[PDB]
């Protein structure tokens, strides 16, 4: 007998690809997808609780594969700037000044609350005070990869990388048996981490079976600079140092030559596409369809709210689906089904969670999002997945579960106090603004 039976108009399981189930039901038990079946059959099975969801599309929860969640408190603080001046003259100085453990707890919770409301059940974070990030994640009920920030210089909470790594080990330790949080390593970028630190990270990840997330090939200037100073592209450097592989998550990759493509194919590394951030900083255009056609796993992320500036993964996914057609020069590139897969299954693959989350298969965790497609602007619906990708906003998100626990009920966050978070964000904004 199920704990919960959901009866939506449409289910999109993502696996197998391209299909939509009409008048079916999904049964949840013990925090897992126990059955997907026609309604008659599923109803005959019975459940503690039943929820009809007419006009709704039920999908795997969205996976935001790259972000810096507490930068939510810097939303819109630094517009109109290309990458290097954005970092050096605005963001880094503001991080040195403001970012404490209290900043991180408030900013992360604000970010989570925003993400759950837009259907995101799993997220990747690359930001300071990971220990604090995990406490907030733990309380929220959502799933996360938390990457340990490794940089060649002092950062908030870590005078240097050895301290960041040592704090990282303590964290790996504690969370060994957490159902929802995975620790990973977060070397920032090629130009802010040495060969030595990169090797220590590799060995640690061999030893711990952990992931690596890094900004790679964000800008032409990063690549040309690396070519002129070291005579090798930053990706070949990473390949030479042995970091590439199925647990390596290369974020951005707007600069991809044919050697780059060959390396990603060979090693089976994931690329995390951040289209809006790459547009906003004038970083370039990640060649998504090309990567996809070559078999590279391509997930999607929002990046931070100072270079987006929302945490809307559904919106990011639409932007990616539109952009990819014109970048590639074919209207058939990254169709709605594949765009949804990028937002779900490919994120789970990128984070090493494909066996737990990312599709609606029996036995997987019940990380689910229900989207409402009954609104005036979504009519008429010829294809619900098309309507999701190209004509629905994140405000259509009604319900969200993680591991079968409901975190959003008819648009209301069950584990957060929006009114308190807003008052808190506001307090932060006035102190940072003054």
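Numbering follows the first chain given and starts at 1.
Q: Could you settle it for me: does 385 to 393 or 31 to 39 have the higher average Cα B factor in the PDB entry?
A: Taking the mean B-factor of the alpha carbons in each, 31 to 39 is higher.
Q: Mean Cα B factor from the PDB record: higher for 63 to 71, or higher for 22 to 30?
A: The deposited B-factors put 22 to 30 ahead on the C-alpha mean.
Q: Of the choices 272, 320, 158, 111, which one's C-alpha carries the largest B-factor in the record?
A: Largest recorded C-alpha B-factor: 158.
Q: Going by the CA temperature factor in the entry, name the top one among 76, 231, 287, 347.
A: Result of the comparison over 76, 231, 287, 347: 231.
Q: Could you place residue 338 in the lowest, middle or highest third of its chain by Cα temperature factor, using the values in the record?
A: CA B-factor rank for residue 338: lowest third.
Q: Residue 173's Cα B-factor: lowest, middle or highest third of the chain?
A: For residue 173, the deposited C-alpha B-factor lands in the highest third.
Q: Split into thirds by Cα B-factor across the chain's modelled residues, where does residue 303 land: lowest, middle or highest?
A: CA B-factor rank for residue 303: lowest third.
Q: Among all modelled residues of this chain, ranked by Cα B factor, put residue 405 in the bottom, middle or top third, i.e. lowest, middle or highest.
A: For residue 405, the deposited C-alpha B-factor lands in the middle third.
Q: Divide the modelled residues of the chain into thirds by Cα B-factor and specify which third, lowest, middle or highest, holds residue 424.
A: Within its chain, residue 424 is a middle-third residue by C-alpha B-factor, going by the deposited values.
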